[PDB]
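Only one chain comes next, encoded as structure tokens, the form deposited in one PDB entry.
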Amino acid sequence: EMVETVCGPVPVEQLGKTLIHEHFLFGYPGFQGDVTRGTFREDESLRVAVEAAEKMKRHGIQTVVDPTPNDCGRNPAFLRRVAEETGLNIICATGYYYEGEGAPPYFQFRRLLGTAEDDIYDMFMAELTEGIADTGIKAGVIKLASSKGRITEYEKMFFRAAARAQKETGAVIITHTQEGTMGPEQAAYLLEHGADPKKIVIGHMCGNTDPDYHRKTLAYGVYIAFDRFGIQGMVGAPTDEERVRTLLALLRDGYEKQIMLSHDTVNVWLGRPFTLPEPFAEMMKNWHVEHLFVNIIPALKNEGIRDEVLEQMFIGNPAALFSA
């Protein structure tokens, strides 16, 4: 009845209103090489991350799951500073990103050595049950990710190791799907290797606008996340209007106990700062941690979605997910 947060064990019944997928920090693999022009400025980054946490608190959020992959700049000690300052519960992940935008050379080399899959399992177990580096922080979820239209041989090593670690620990699995593909396949593959559907969240499901695709995924008994609200135009993403359309169809079908919502924000980008071209910039203007509460939830309520359904998604579902 406990879950590991960046501040240690917290009762699952105390998690309350939760955002299932947000990043305080994130960097695309390779950001480390641009350190000269893209140095991590700790004080300012903490100020920004604390501000994001305070914005979430204003809307009643008590818990955030931050599934930043190990190869994408994950910094549990930094998350702990945010949580210590704000009182927000933050749950972090153990896992690597998908092959296309991850850093596969390292575990590809170890695959050639014959140890990669066992090494990954060993990493998962260490980070779930002992601690991440010298931080003393345990991950509360395993992060998995697949490529567009396939789960690659590289990715499958992590999927199998995740299923094994889940069987041993009861840990929650959170996933990334790329461009609205592989939802059913991820669920099928994980269950095939003994993972518990009630402990799995198939992510970025809002990337697909065909409700039959979602129904196919939901039939495995897993949770799904519409976790990219505010992301429009980029990353192959549909519009928020399309996201809302798909979500309403599923809620009207009675799937509320399997659905969670988030933004997948990046509050501090690692590496060099940037600005989106006016094309994407305007389309992306709502990509921030208050968007669900200021814009999306009101749009849902304008479409007849009741408070009890909303509370199921934000409070009931995370509580069930993290409970044995």
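Under this definition, the rigid core comprises the largest set of C-alpha atoms superposing within 1.5 Å between the forms. Residues that one form lacks are left out of the comparison. The first residue of the sequence shown is number 1, and the count goes up from there.
Beyond the structure shown, there is the form deposited in another entry, which is absent from this document and is the topic of what follows.
Visitor: Can you tell me which of these residues, 116, 103, 250, 218, is the one whose C-alpha shifts by at least 2 angstroms between the shown form and the other one after a rigid core fit?
Guide: Among the listed residues, the outlier is 103.
Visitor: Please say whether, between the shown form and the other one, the C-alpha of residue 234 moves by 2 Å or more once the core is aligned.
Guide: Comparing the forms between the shown form and the other one, which are aligned on their rigid core, residue 234 does shift its C-alpha by 2 Å or more.
Visitor: Quick one: residue 103 and residue 271 C-alpha atoms, closer or farther in that other deposited form compared with this form (3 angstroms or more)?
Guide: Farther apart in that other deposited form, by 3 Å or more.
Visitor: I want to verify one pair: residue 154 and residue 103. Are their C-alpha atoms nearer or more distant in that other deposited form compared with the form I supplied, knowing the change is 3 Å or more?
Guide: Pair moves closer in that other deposited form.
Visitor: Residues present in both forms, rigid core superposed: which consecutive runs of three or more show CA displacements of 2 Å or more between the shown form and the other one?
Guide: Core-superposed, the runs shifting 2 Å or more come out as 101-104, 233-236.
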